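Enquirer:
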Amino acid sequence: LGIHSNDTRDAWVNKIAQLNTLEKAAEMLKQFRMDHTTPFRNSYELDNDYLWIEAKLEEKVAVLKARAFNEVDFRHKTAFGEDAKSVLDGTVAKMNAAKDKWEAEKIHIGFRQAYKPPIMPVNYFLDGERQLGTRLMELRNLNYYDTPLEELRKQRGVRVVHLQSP
Amino acid sequence: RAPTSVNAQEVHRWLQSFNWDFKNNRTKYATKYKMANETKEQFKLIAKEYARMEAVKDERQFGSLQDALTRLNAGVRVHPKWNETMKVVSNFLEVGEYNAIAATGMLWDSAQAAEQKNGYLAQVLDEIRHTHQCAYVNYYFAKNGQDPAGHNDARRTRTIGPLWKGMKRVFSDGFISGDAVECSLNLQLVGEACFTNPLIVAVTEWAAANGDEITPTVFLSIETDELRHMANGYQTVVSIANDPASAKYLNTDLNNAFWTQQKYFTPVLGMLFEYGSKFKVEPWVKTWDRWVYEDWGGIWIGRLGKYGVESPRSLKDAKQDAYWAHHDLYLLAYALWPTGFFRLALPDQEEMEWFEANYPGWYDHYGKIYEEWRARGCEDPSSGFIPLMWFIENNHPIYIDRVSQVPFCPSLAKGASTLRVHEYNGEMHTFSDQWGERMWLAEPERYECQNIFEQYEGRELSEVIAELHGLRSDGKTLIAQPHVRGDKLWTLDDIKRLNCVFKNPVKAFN
Amino acid sequence: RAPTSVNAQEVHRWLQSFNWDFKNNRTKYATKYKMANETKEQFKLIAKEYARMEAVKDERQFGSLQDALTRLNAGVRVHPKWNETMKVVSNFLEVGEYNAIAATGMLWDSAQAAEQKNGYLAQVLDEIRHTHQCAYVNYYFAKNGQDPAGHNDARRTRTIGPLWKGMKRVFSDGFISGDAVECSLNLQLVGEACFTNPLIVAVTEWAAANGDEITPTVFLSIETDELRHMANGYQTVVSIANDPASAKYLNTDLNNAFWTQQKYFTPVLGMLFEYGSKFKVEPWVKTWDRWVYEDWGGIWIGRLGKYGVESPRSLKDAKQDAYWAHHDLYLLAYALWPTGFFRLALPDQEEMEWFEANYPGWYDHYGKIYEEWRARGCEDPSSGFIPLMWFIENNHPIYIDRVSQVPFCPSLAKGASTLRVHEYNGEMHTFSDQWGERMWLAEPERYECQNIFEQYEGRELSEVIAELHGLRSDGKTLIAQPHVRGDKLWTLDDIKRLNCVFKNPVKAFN
Amino acid sequence: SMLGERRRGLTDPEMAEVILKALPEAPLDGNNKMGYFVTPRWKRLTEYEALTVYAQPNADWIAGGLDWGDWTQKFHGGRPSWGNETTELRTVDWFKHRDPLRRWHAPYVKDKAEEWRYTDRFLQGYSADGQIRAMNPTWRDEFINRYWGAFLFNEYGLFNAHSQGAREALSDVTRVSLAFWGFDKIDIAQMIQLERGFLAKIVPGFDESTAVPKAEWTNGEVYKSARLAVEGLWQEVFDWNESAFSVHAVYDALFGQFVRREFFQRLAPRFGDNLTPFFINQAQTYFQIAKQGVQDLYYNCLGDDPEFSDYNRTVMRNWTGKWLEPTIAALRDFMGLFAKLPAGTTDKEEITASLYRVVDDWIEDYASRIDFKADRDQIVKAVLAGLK
Amino acid sequence: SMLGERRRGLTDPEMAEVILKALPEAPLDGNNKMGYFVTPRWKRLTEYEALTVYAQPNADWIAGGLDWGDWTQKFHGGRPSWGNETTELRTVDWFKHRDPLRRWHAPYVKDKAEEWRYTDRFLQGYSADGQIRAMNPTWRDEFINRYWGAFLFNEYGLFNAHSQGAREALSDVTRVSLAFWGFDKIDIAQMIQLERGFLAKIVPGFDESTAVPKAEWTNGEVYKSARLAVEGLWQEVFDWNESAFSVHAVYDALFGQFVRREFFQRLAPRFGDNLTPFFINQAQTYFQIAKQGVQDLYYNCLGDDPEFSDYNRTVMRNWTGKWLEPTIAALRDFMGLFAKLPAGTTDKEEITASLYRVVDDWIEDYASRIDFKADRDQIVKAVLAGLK
Ligand SMILES: [Ca+2]
Ligand SMILES: [Ca+2]
């Protein structure tokens, strides 16, 4: 029950083995990424294992999507029937139609949370990564320092717990 | 029928034309900059001339190592403290060199000019060479040294300690995660130009002073390759200088790059040098000021000034926090000695005198603490005392900066003592400076690195060590030690008897 | 279609068949023996593989020399006395190895079996390797050492002195002048086996003890080549054992070859070791006894008894001398110090104790003489005294063995001190022993080497030195010196002032 | 000074006296083997593995990793420095791979350096020997200064296709092999160019510019489809493995081998040309070297993974099909090159004989490994369906 | 023990201190260049010249010697260890020679070692590439195994012709060059056997035994006069310069160059053999390397000697006439081999043109250097009479 081997991990191991459907496993992954990844995750309860769990989960979805899609689909269709390129161009669209860094970052993180392989084919995903990621930076790094920490903390919406500076 | 041939230069002359145009002939990586496809590289080399000049270097290096140095028992006649220090220096530089392999591969993909790609390619191969060279140093000291433990398994025993995390930030993730240009700065523009290059030479000086002729033989060779890494970095700023984004994002990326690197190396390097040796070469203070302020933040950055490159706005901050950084950190590294993969020693009388002479005030603070820990038996397994306990007793929390991963103790530090805590979506975050805080506030998803106190929460100390293999071949004695002598070595049991259980320091604010 | 290749042994298996029969397919050199054309070799090499294994050794060697050893300033940190000894040791060995080049080419010519030729061939190239290796040691010491003179020009300054003449006999003419088989005995069966391998190792030991890591690096590599060489000497015996003449001549040539080598190397190697060093490894006598008497006088000589080979009938007189010969010789070498290309030192206080301890009676003989010479001011340039003068005043003529070239003073010696003077067809000849004397009586025309007294007769000392370039670059200071200190070095003028005029000691006889 | 002012702990009496005094009577651990915890691919652990395995700091969540936790700094968006998300293939451990030639940086540059220096020596001898004389003028100024040359841009393209792998590879062993596969490719391309620069030096009027060979590659019809396949492999694939696989186990195995081994390695001589074959020997030696690595990774390691064997083969068969077609095209457009060859140079039975060798080798060394059911005659028919 | 028992003066505190104490403040001479007295052939003295020149202890009575006096021990009868009496050529200084490649032992075995390791790599790439499949069986089993095979004995014999020069060479620079010229020859012979051994491994039924090529050499017709010339050069010539000169500047420059380049190199390619040309590139590189040294010694140093120029040229012209006849006989007999080729392989015009090439190169690189009046048509005509 430590760093690399623990009940929590063992739990999901057994929990994942029960997935006999691409749809189920695919959805679970989605819900897992919504519940345990990124700063916007729903909870930090699995902070010490979610990364290792998520992979054991991408695995199942990987194997299943394999023994389910046909070549053309495995290369162009998400494990959700979604048309990879469609979603891609669809997201880059909203990204470039973003008013500010706050809007931008919200799209990118959601994109990764929803279509991270084995959901979307890696080819499209990383192509998105280079497009979305680029835009995100452009907005963020523009007058990166202009805002004062006080204000920035407010914009980020953090809850200042303690401050000390001599 | 005169004997004739063609050299690399005569071929490279056509290398630029090797690349052609076509729809998606562009980078696969996110970047706010546009690398000019008309950019040239400095050295007109082809794969074959590259291999040759490197093979020649290899001959001398390995020749010295396998022959004369071995005959002179060079892997043994080095001071114990330094034998330990190299477990960290060599292996930590290894990952830095290794990640640099991916970073330059990424840069190579970023460049559109045939020559700029070729230039980065040379480094890809250089960084692989450097990974293997640093690996060889630990390999050699493991094979022929006074204490193989750590040298022989650093790749996995490194993961037990907190110092390793920060290394992955400056020389791993900071090398490949983010804008290719941002990664380029962390690597070549700031990392290598400001620290690595000078560091590499310095390491050879401290090594020689302590009887280590192994490291100079390897690092000086690595050093010869640096001239190209510098070339690549300078070319990065050139290939994007004429881009409108440059005047819009360069500096920010540079300042952030500068702070990122100095945040870790400022404390760590000075620590390794001054505390991981017996004989000293020069006070880390005069060294840092020369490297950072003079050379880099002046002579080097100044030359890029004609491209809009400005001095890091955090330079004032960095210097003000640097003075005691390394001294402040060793207290933490020693207090947490059981989590390492190397053995540490407390300053001896000459050293304490050396420290006080060079850093007035050192003894009244650090010196007295070390004498207290020692008199109390921090070196003796039978004392039942580990300095971490003293921090708990005197209510001196130790935090891990969520961004740079550098351990810090505001309540005790003679250096920076600012502490900023924030809660966000059910998770607490601790920061040690304003630059790192801003980096987090703006890019929350770029920094979610779990700290040791978070991963080891509630875990008993000897269990973490055992699980991560922090033991010697006898399965009982720890790799890490609070002294560098040959007797009275701490065993896993000695640690278990302590019943030290980790706690997430941030929760005290709940 | 699996990746395949062919190795050396796979080719060598057919090398024996390369030679073919034809009328004139016979040796071009005179010889009493017949080498069987079915004779095989020990190592199954081919040109390319030989090159590769030697290339590998060169990398380590030159790698060590060019890198670590150079960084450690190993060229300088050697005892002054040893730096000098190596001027003689490396250059003299250089010619032994060089003549071995032609010597083995002659054996390669003599052998009829393709494999036996190939064995000798591998040695012809090795001897070229060895010439260049010994040349490198002198080259390295001149480039990086404390006194380049002599190291930088021994190839011409060696000719001024008498110790050099004997060298060309044992390790030059004795290797190529005479019956191919006789030449092989001088070089291999006795030369290498009895003196040269044990010597090489001994030299590396004395070198290390005296701070020299250059010589061990090179000589230890030379040493690795001798494996195939020991094989050449053995098969030479095999190639002629089944020959009627073998029984009739093998033992006579072996005896002569044995005496030839011992006569010069015993006193000279012993001299260079004990008098040409500060730190001692072991008394020359026991270093000898082990070689010549045990390990070779029975261990190596007995093994070949299955071929008709026997024990050297002169071994008695050889042993009955290896005790004092070197001490006898140093008196002479020092007395004639202005005839060398190296600097010599009088034994110091500690040394005399060592000498007297390991050789009782040493002090009452050699010790007291050195003390007087010191009083006479032999070390000081203004004394106007050269130990040679002492021998003149005390009626102690110094002769040169017409055969071995070894200088000897019968009236003051403790080794073989039996002067024999003959007159033949208008010429005088001086012998120091009954073996060399027999050699000359039987082979007058083989030994007509003019000695230094004959060539220098009527010549003023300083003139010979000047004519033969025995000066340093300042064109004034002598290369040779009576002491090894950095100040008060003798100049050409200091010698001229002595007005020492050579005379042939044998002209006194009526 | 003669002794210098810097005192060294190894040779300085005082300092070494201190060091010696601080030393333990014996090593503090008898285990003097670095990488002793690594699982050997062979009898005993090799220097290659010790120096390479686990150099990459992956955490356990990236199959094989031994570290723990997230990266310290990720990309804007959250993309990990290295992640499972950069390739479709899955494995129990990314550190399983092993370059059969056990090449770490030292042996690699040593081997290439020997070739470089020999190459130099050779050229100097070729020129001295005047072997150029026996060389058909046409072939020289045409099939080499144009068709062979133009091929350099092809090798350069496959070289660049390795960029992403260098960055995205999930382990040290794979990254090192990948880097060497790509590095060998730009080498060859530079070699092709070196010959032209050479021919220039010994054939007055011979232009070493890439102008012609490039123009031919960019606009020509000879390699038209070839270039299209290249650009696709290089710039349209974002999966580091799919790229390496498709490049070495498909395009270069088929088109590459044919162009190198069945066109120039089989014709240059006929026109009195031993020069070009000297360099092709290198490229071929390199091809075979790289091949052993590709097989171990994609077949021995991934294709035979005790957990994702089927899964991976499926992906490779898919990528195989995905790129077999573009490769076939490239070949066809190439077939149209013989038509420019003088009469008698080569018939159709041969051209057919060669094409069949490639496919058979390709099927035997690659296709059969992932069970990609291929049809030799159809492929050949398809490819061959484009002559004259 | 960890430290060991042996104390070294460089690292042992006590001993090192005693040593450092005895050291002079600075070097006792600032001339740190060994061999400074050697007259440099080029701008500055080279490592090659320093490590080599004057290593041979010749006295002044052997032109260029710096020593004095007779040898210490001579042969029974009185013959000197080395002496003027071993060669007809005379010079003002036997140490004037310089290998233009400046090869001392280290550089020599290094380049050969590179070539060796690459050869191994090449053979491995070659066998794995399966190129042996397209090589003509008859060419392989007949011309390579038997005729190319028999040529190894020719190379071996020429190697052996250097044995006496190794012993008698009057200077280190010549001894070294001569030794390397000879060593390269046995290397080529061993490479011919290596190829046969390689073929035995990748070709079912190919016999690597030397019995066949040896029987061809000793009893065949094609090489009869070549063998007779070789036997003569090796065992009937006692003059070390006549041997080296006649071997490289007459026999191997005419016969050797024709066989290696104008026959095997020229025709192997036509039979799908890229294997043999690989090794021939080595032999030709070596031939050209030796040629530079040969030209320097016999033309630059001896044929142009400021004192014995006329004399040496007379002697060398004498030797050229002496060995040109047996060499023509060798070529004449070799012409027989062409009648054994498959019809259409080559023709009388090509054969003639190729003879003219070797003869023209020979007249230019050698004959003309000593004013030897050679009639190219006369030579070729004499040789062609051998065509069946
Ligand atoms: Ca008389
Ligand atoms: Ca006939």
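Protein chains in written order, with the deposited numbering: chain F, 4 to 169; chain B, 18 to 527; chain A, 18 to 527; chain D, 2 to 389; chain C, 2 to 389. Cβ coordinates follow ideal geometry from the N, Cα and C atoms, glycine included.
From this set, A:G228, A:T21, A:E389 and A:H344, which residue's C-alpha is nearest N375 of chain A's C-alpha?
Expert: Taking only the C-alpha atoms, the option nearest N375 of chain A is A:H344.
Enquirer: What is the residue span of the beta strand (DSSP E) that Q167 of chain F lies within?
Expert: Segment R162 to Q167, the beta strand (DSSP E) holding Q167 of chain F.
Enquirer: Find the nearest neighbour of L485 of chain A within the set C:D13, C:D61, C:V54 and C:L4, judged by alpha-carbon distance.
Expert: Looking at the Cα atoms, C:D61 is the closest of the given residues.
Enquirer: Near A107 of chain F, which residues of its chain fall below 7 Å by C-beta distance, leaving aside the five closest residues on each side in sequence?
Expert: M98, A101, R138, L139 and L142.
Enquirer: Excluding the 5 residues preceding and the 5 following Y299 of chain C in the sequence, name in chain order all residues of the same chain whose CB lies nearer than 7 Å to its CB.
Expert: Around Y299 of chain C: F246, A250 and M317.
Enquirer: What in chain F is Cβ-close to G65 of chain D, meaning under 7 Å?
Expert: By Cβ distance, chain F contributes nothing, its closest Cβ being about 11 Å from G65 of chain D, past 7 Å.
Enquirer: Which residues in chain D have a C-beta closer than 7 Å to the C-beta of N45 of chain F? List them in chain order.
Expert: Under the 7 Å cutoff, chain D gives no residues; its nearest Cβ is about 15 Å from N45 of chain F.
Enquirer: Compute the distance between the beta-carbons of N301 of chain D and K160 of chain B, then report whether it is under 8 Å.
Expert: In this structure, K160 of chain B does not lie closer than 8 Å to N301 of chain D by Cβ.
Enquirer: Bridge partners of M445 of chain A, per DSSP?
Expert: Per DSSP, A:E440.
Enquirer: Using a C-beta to C-beta distance shorter than 7 Å, which residues of chain D count as neighbours of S490 of chain B?
Expert: Result: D30, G31 and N32.
Enquirer: Within the continuous alpha helix (DSSP H) that includes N41 of chain B, where are the two ends?
Expert: Taken as a continuous stretch (DSSP letters only), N41 of chain B belongs to no alpha helix (DSSP H), as it is neither H nor E.
Enquirer: What does the Cβ neighbour count give for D376 of chain C, buried or exposed, with the cut at 16 atoms within 10 Å?
Expert: It counts as exposed.
Enquirer: Return the CA-CA distance between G178 of chain B and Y473 of chain B, expressed in angstroms with no decimal places.
Expert: Answer to the nearest angstrom: the Cα atoms are 11 Å apart.
Enquirer: Judging by CA-CA distance, which residue of D:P25, D:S2, D:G5 and D:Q74 is the nearest neighbour of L506 of chain B?
Expert: Nearest option by C-alpha distance: D:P25.
Enquirer: Consider the Cβ of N144 of chain F: report whether some Cβ of chain B lies at a distance smaller than 8 Å.
Expert: Yes, contact with chain B.
Enquirer: Would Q205 of chain B and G136 of chain B be called neighbours here (beta carbons separated by less than 8 Å)?
Expert: Contact: no.
Enquirer: Please report how far the alpha carbon of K74 of chain B lies from the alpha carbon of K111 of chain D, in whole angstroms.
Expert: Roughly 10 Å between the two C-alpha positions.
Enquirer: Taking Cβ to Cβ, would you say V141 of chain B is nearer than 8 Å to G167 of chain B?
Expert: Contact flag unset, no.
Enquirer: Tell me, which residues are paired with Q498 of chain A by DSSP?
Expert: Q498 of chain A is bridged to A:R360.
Enquirer: Sort D:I133, D:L21 and D:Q74 by Cα distance to residue 8 of chain B and report the nearest one.
Expert: A query on residue 8 of chain B cannot be resolved here, the shown segment of chain B reaching from 18 to 527 and no further.
Enquirer: Buried or exposed: which applies to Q366 of chain A, given that a residue is buried once 16 or more other Cβ atoms fall within 10 Å of its Cβ?
Expert: Looking at its Cβ environment, which holds fewer than 16 other Cβ atoms inside 10 Å, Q366 of chain A is exposed.
Enquirer: Just the C-alpha distance for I415 of chain B and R360 of chain B, rounded to the nearest angstrom, thanks.
Expert: The straight-line gap from Cα to Cα measures roughly 21 Å.
Enquirer: Please list, in chain order, all residues with a C-beta atom less than 7 Å from at least one heavy atom of ligand 2.
Expert: For ligand 2, the selected residues are C:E222, C:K225 and C:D334.
Enquirer: Taking all protein chains shown into account, decide if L32 of chain F is buried (16 or more other Cβ within 10 angstroms of its Cβ) or exposed.
Expert: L32 of chain F is buried by the Cβ-count criterion.
Enquirer: Just to make sure I have the definition right: I need the residues of chain A whose C-beta is within less than 7 Å of the C-beta of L4 of chain D. Which are they?
Expert: Within 7 Å Cβ-Cβ: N90 and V93.
Enquirer: Give every residue of the same chain whose Cβ lies closer than 6 Å to the Cβ of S226 of chain C, excluding the five residues on either side of it in the sequence, and list them in chain order.
Expert: Correct list, in chain order: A330, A331 and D334.
Enquirer: Specify the secondary structure class of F246 of chain C as computed by DSSP and reduced to three states.
Expert: Here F246 of chain C sits in helix by DSSP.
Enquirer: Collect the residues with a C-beta less than 7 Å away from any heavy atom of ligand 1 and give them in sequence order along the chain.
Expert: The set, ordered by position in the chain, is A:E440, A:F526 and A:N527.
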